[PDB]
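So you can see what is in the structure, the chains are spelled out below.
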2 protein chains.
Amino acid sequence: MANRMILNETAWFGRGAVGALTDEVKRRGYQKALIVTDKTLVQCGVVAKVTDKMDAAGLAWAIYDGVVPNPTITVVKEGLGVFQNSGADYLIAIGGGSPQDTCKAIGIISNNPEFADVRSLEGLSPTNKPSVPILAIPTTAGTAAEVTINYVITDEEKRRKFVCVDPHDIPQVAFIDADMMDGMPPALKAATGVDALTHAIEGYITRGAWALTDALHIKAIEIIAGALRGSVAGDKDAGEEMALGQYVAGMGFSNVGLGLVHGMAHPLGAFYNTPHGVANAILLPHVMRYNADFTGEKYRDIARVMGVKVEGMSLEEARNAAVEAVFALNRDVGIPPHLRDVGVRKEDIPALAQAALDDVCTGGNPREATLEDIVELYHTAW
Amino acid sequence: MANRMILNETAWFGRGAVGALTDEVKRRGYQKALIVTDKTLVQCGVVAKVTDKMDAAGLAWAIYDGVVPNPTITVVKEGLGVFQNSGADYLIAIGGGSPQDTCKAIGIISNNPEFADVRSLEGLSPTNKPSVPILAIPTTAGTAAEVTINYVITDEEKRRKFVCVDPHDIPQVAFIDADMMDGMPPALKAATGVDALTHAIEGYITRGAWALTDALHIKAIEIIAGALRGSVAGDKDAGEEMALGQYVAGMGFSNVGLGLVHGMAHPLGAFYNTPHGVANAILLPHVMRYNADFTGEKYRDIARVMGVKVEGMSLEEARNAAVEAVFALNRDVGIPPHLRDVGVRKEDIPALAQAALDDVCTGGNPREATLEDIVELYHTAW
Ligand SMILES: NC(=O)c1ccc[n+]([C@@H]2O[C@H](COP(=O)([O-])OP(=O)(O)OC[C@H]3O[C@@H](n4cnc5c(N)ncnc54)[C@H](O)[C@@H]3O)[C@@H](O)[C@H]2O)c1
Ligand SMILES: NC(=O)c1ccc[n+]([C@@H]2O[C@H](COP(=O)([O-])OP(=O)(O)OC[C@H]3O[C@@H](n4cnc5c(N)ncnc54)[C@H](O)[C@@H]3O)[C@@H](O)[C@H]2O)c1
Ligand SMILES: [Cl-]
Ligand SMILES: [Fe+2]
Ligand SMILES: [Fe+2]
């Protein structure tokens, strides 16, 4: 069968790319924006970075800063509520994954009112209408929500992170500038950083993978690998490299699926508020051993682009080094090695597994996994 | 300053990608297509491959097949006329750069009645309104018109091919299937493929080059350089690999520039009907030399992914090996080595050099060029 690629129709890149917004807005004759963000972001005057411009350029905006980390259905519903009484024409998402995943959730239901429950919207959400135009403005080096046809909501009632996939999500225009992401404390840089490295590795070896996907993913790894460290350290250029590499990572996995790292991280999100990027970080390499045999030459390139001298190693040698370059990046960026450090309880392993076994992402893993494969992975990552 | 990237919001890739067409149209309720093609494409049962699926799916379509290579203003005028007179809702473009570029011309003017003339539309087209939605379907392993933000028209009057650049022109979906491209005779696969390697190389070194665009272009060269031989020699898997290559190149250079090769090829088309890719082909290595010294480490990369063992080389050895790699491909693919061979006239060189100097692409060249520099160039390529 054929392979479909969904990208942003327009995207702006690099420091000050947010400058382009007011004109994008103009060129499309939008009238009012609903900004969708955190209170944290509004307080550090990150949001101001955009709103101020909108002020000079004469552009109407209102705010919903109600998004909490791991955005819940109630959060989504509130935004929709705000949006629908705003007079807003479109929406601007300033934020990482939470506000951005909210905003898409918000945009879809505003045109697919049929789905007001927000659970039906999991899977390949069967939407007849394209979302309210959205301008995506990421402020983390991670999620790549600005480019992905997916968004994840938390359903408190059912303590489960559920994933929505729908080409209708796709922002009209993405503004990716490292200026908006400089605010990120070091822990948050490392976390988002690794979320993307995860994105890129899972995408490289997912089941839908193919030529275009493979190229982008490996690029993004190459970028992330050689930059997350100095970005975590503060060097500004590396922030810009990170900003890019997570964006490249999204061009792939979005259009091609992920795998079980993400499948095991979600339930972990929903169960213990474990920061999504941190979950992945811990699992990633353990899932990489679990996957090593089913990935052809792949890990060899993964080892390469992460600085390892793969030349004349056995495929087994290369497969280790890549898993090892990963363990090594997490430690060097201050991610805690074990699940116990982030307070996972073994009594929960059988649940976590079932939730992982069910999570939409898991299907992409190159190697099918039963309950008891996952029970093990969690145990050995604990 | 910031970089902008303009891409297809949807694209399908893979043998049979046209199959997803009837679907897109339906998912977004258009009503009547104006198919824009060649009489040849019609006659070689190739258009049928799409009209048959649309008939079977219940979709209405009309067709304008009046297009010629290096499409004239009149061709664009006449086509539009037909569209204005068919109740056509959106447009499907089937064919190489010629019907695709004619198709964009039509889609733009039919929304920007302002430039009903087609000269007033050269350069950064001051168009106020997005083109009529165009679904693009290439039948050549070249042009990349399905993803680029530009089209080229022949002014038979002032005889010069001129280039129009406008994000409004971007097709909504692009459909990339080698199945469409199989009919190309070896000379055609050869010509259009090296147009593709020309874009990949020009866009790799063009003035606006940067991280993301370098990545695509370098991937493109890798792919093209690896498959052209086989495509031309008949390999269908080579055909598919190509189909992708040229698209990828499109993703790069649309968003960044080309340079002297296109700038000296456009005035050659206009004067002598020299096919776009053969003009490019002949011209490419010479312009490469002229450019060598102003292209950083780029040639070293170019040479590697064209199979040259750049291992122990100096940037000098390496730059030379790149220009060399191309002379090899041209030979191997059956393109004439000299402009003399394709009817170019020493008398005309001044006029051509002037034309080249004026071409929008030229200014993208890493090495600034003068009239006399272009003269030298045409002369040394003759
Ligand atoms: N299905 C998928 O493809 C998948 C993949 C990746 C991420 N996700 C989703 O992404 C979400 C996580 O998003 P996230 O990690 O970007 O962060 P976030 O939006 O959830 O929150 C991070 C915290 O950091 C603060 N913050 C954010 N940006 C900042 C900055 N620039 N400077 C200072 N402080 C900042 C915020 O206020 C917030 O409290 C989760 O809901 C996750 O499930 C899903
Ligand atoms: N601005 C730019 O970036 C740039 C780059 C590439 C091309 N161009 C322009 O676009 C056009 C290039 O078009 P092209 O090179 O694809 O060729 P084309 O569409 O102009 O036509 C070439 C000939 O090949 C035939 N043909 C095409 N596909 C076929 C198939 N599958 N089977 C059998 N015959 C087939 C056509 O019928 C036609 O006779 C040129 O006119 C050129 O001026 C501009
Ligand atoms: Cl108001
Ligand atoms: Fe993630
Ligand atoms: Fe070309």
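Residues numbered from 1 in each chain as written, not as in the entry; some residues may be left out. Chains lettered and ligands numbered in written order. Heavy atoms only, no water.

Its PDB record attributes the structure to X-ray crystallography, giving the resolution as 2.85 Å.

Comments concerning the overall build of chain A
Helix and strand content of chain A: 15 helices and 10 strands. For chain A, whose C-alpha radius of gyration is 20 Å, the value lies close to the compact-globule estimate of 21 Å for 382 residues. With the C-alpha coordinates of chain A rotated into their principal frame, the extents come out at 60 × 45 × 40 Å. Residue burial in chain A is summarised as follows: out of 382 residues, 62% are buried. Long-range pairs, those at least 24 residues apart, make up 77% of the contacts in chain A between residues at least 6 apart in sequence. Accessible surface, chain A as shown: approximately 13700 Å² in total, 51% of it carbon and sulfur. Taken together, the 33 basic and 47 acidic charged side chains of chain A have centroids lying 1 Å from each other. (Helix = DSSP H or I, 4+ residues; strand = E, 2+ residues; numbered from the N terminus. Rg over C-alpha atoms; globule rule 2.2 N^0.38 Å. Buried < 20%, exposed > 50% of the residue type's maximum accessible area, 1.4 Å probe, protein only. Contact = heavy atoms within 4.5 Å. Areas by Shrake-Rupley, 256 points an atom, 1.4 Å probe, with all protein chains shown as cover. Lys, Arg positive; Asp, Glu negative; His and termini not counted. Charge placed at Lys NZ, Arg CZ, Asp CG, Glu CD.)

Looking at the relation of the copies chain A and chain B
Structural alignment of chain A on chain B gives an RMSD of 0.3 Å, achieved by rotating through 180° and translating 0.0 Å along the axis. In symmetry terms, the pair is related by a two-fold rotation axis. Taking C-alpha positions as reference, the residue of chain A nearest the rotation axis is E9(A), located at 2.4 Å. Of the interface residues in chain A, 92% have counterparts in chain B that sit at the interface too, so the contact is made through matching surfaces. (Least-squares fit on C-alpha atoms.)

Focus on the site of ligand 2
Residue and element names in this part refer to chain B. Lining the immediate surroundings of ligand 2 are 27 residues, of which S98, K161, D195, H199 and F253 lie closest. Interatomic distance of 3.0 Å between a backbone N/O atom of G97 and an oxygen atom of ligand 2. With respect to ligand 2, the backbone of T139 contributes an N or O atom lying 3.0 Å from a nitrogen atom. Protein chains bury 89% of the 860 Å² of accessible surface belonging to ligand 2 in isolation. Of all the secondary-structure elements, those providing two or more residues to the shell around ligand 2 are helix 2 (39-43), helix 5 (97-109), strand 8 (150-155), helix 7 (186-205) and helix 10 (260-272). Tallying contributions element by element places helix 7 first for the shell around ligand 2, with 4 residues. (Near = heavy atom within 4 Å. Polar contact = N/O pair within 3.5 Å; in protein donor to acceptor, adjacent residues only side chain to side chain.)

A few points about the environment of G226(A)
Residue and element names in this part refer to chain A. On the secondary structure map, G226 appears in the loop between helix 7 (211-225) and helix 8 (228-233). Judged by its relative accessible area of 62%, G226 is exposed. The spacing of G226 and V68 is 158 residues in sequence and 31 Å in space, taken between C-alpha atoms.

Things to note about the site of ligand 1
Residues and elements named next belong to chain A. Not every one of the 30 residues close to ligand 1 is listed here, only the nearest: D38, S98, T139, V152 and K161. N150 is positioned with one of its side-chain polar atoms (N or O) 3.1 Å from an oxygen atom of ligand 1. Relative to its free-state accessible area of 880 Å², ligand 1 is covered by the protein chains to the extent of 89%. For the shell around ligand 1, the secondary structure elements donating two or more residues are helix 2 (39-43), helix 5 (97-111), strand 8 (150-155), strand 9 (160-165), helix 6 (186-205) and helix 10 (260-272). A breakdown of the residues in the shell around ligand 1 according to their chemical character gives 12 nonpolar, 14 polar and 4 charged. Counting contributing residues per domain, the shell around ligand 1 is built from domain 1 (1-185) and domain 2 (186-382), each supplying no fewer than three. (Nonpolar A, V, L, I, M, F, W, Y, C, P; charged D, E, K, R; others polar. Domains from an automatic or database assignment.)

A closer look at helix 3 (residues 48-57) of chain B
Residue and element names in this part refer to chain B. For helix 3, the complete set of buried residues consists of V50, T51 and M54. End-on, the buried residues of helix 3 take up no more than an arc of 95°, which puts them together on one face. Where helix 3 is buried, its residues meet helix 1 (21-27), strand 3 (32-36), strand 4 (60-64), strand 5 (90-94), strand 7 (134-137) and helix 6 (178-181). Note on helix 3: the residue one or two positions beyond its end, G58, has a positive phi of about 90°. (Arc of directions from axis to C-beta.)

Regarding the sheet that holds strand 6 (residues 123-124) of chain A
All names here are of chain A. Strand order in the open sheet formed by 3 strands is 6-9-8, with mixed pairing between adjacent strands. Because the sheet does not close on itself, it has two edges, and the strands there are strand 6 and strand 8. As defined by bridge partners, strand 8 adjoins strand 9 across 6 bridges and the pair is classed as antiparallel. Each bridged residue has a counterpart across the sheet, and for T154 the counterpart in strand 9 is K161. Relative to the sheet, helix 10 contacts strand 8 and strand 9, its axis offset from that of strand 9 by approximately 130°. (Pairing = 2+ DSSP bridges. Axes fitted to C-alpha atoms, helices over the stretch in contact; angles between N-to-C directions.)

Comments concerning the nonpolar core
In summary, soluble globular proteins display a tendency toward joint burial of nonpolar side chains. Counting residues in hydrophobic clusters, the biggest one holds 219 residues, and the most contacted among them are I92(A), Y378(A), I221(B), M306(B) and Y378(B). At 11 residues, the largest contribution of residues to this core is made by helix 8 (residues 211-233) of chain B. Core analysis: the second largest hydrophobic core is formed by 28 residues, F83(B), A88(B), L91(B) and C103(B) among them. (Core = buried A, V, L, I, M, F, W, Y, C linked by side-chain atoms within 4.5 Å.)

Overview of the coordination of the iron ion (ligand 5)
All names here are of chain B. Only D195 (OD), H199 (NE2), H262 (NE2) and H276 (NE2) from the protein coordinate the iron ion (ligand 5), and they sit 1.9 to 2.2 Å from it. Each of the 4 donor atoms bound to the iron ion (ligand 5) contributes to angles spanning 80 to 168°, and the resulting shape is irregular. Counting the intervening residues between successive donors of the iron ion (ligand 5) yields the motif D-x3-H-x62-H-x13-H. Here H199 is found in helix 7, whereas its partner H262 is found in helix 10, with 63 residues between them in sequence. Judged by its relative accessible area of 3%, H199 falls in the buried class. (Donors = N, O, S within 2.8 Å, 3.2 Å for Na, K, Ca; no water. Tetrahedral: all angles 85-135°; square planar, octahedral: opposite > 155°, others 65-115°.)

Observations regarding the coordination of the iron ion (ligand 4)
Residue and element names in this part refer to chain A. Coordination of the iron ion (ligand 4) by the protein comes from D195 (OD), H199 (NE2), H262 (NE2) and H276 (NE2), over a distance range of 2.0 to 2.1 Å. In this structure, the iron ion (ligand 4) is coordinated by 4 donor atoms arranged in irregular fashion, with angles at the metal of 77 to 165°. Spacing between the donor residues of the iron ion (ligand 4) along their common chain follows D-x3-H-x62-H-x13-H. Residue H262 is classed as buried on the basis of its relative accessible area of 3%.

Observations regarding the packing of aromatic side chains
Tallied over the entire structure, the rule returns 8 aromatic pairs over all chains. Measuring from ring centre to ring centre gives 5.4 Å for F13(A) and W210(B), while their planes differ by 45°; the resulting arrangement is tilted. Taken together, the residues span two chains, with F13(A) in strand 2 (residues 10-13) and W210(B) in the loop between helix 7 and helix 8. We note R367(A) situated over the ring of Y290(A); from NZ or CZ to the ring centre the distance is 3.7 Å. (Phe/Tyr/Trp six-rings, centres within 6.5 Å; stacked < 30°, edge-to-face > 60°. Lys NZ or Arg CZ within 6 Å of the ring centre and 35° of its normal.)

Some thoughts on the state of the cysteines
Residues and elements named next belong to chain A. All told, the structure shown has 0 disulfides over all chains when counted by the stated rule. Its sulfur unpaired, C44 is 20 Å from the next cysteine sulfur, which belongs to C103. No disulfide involves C361; its sulfur sits 12 Å from that of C164, the nearest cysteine. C361 sits in the buried class, given a relative accessible area of 12%. (Disulfide = S-S within 2.5 Å.)

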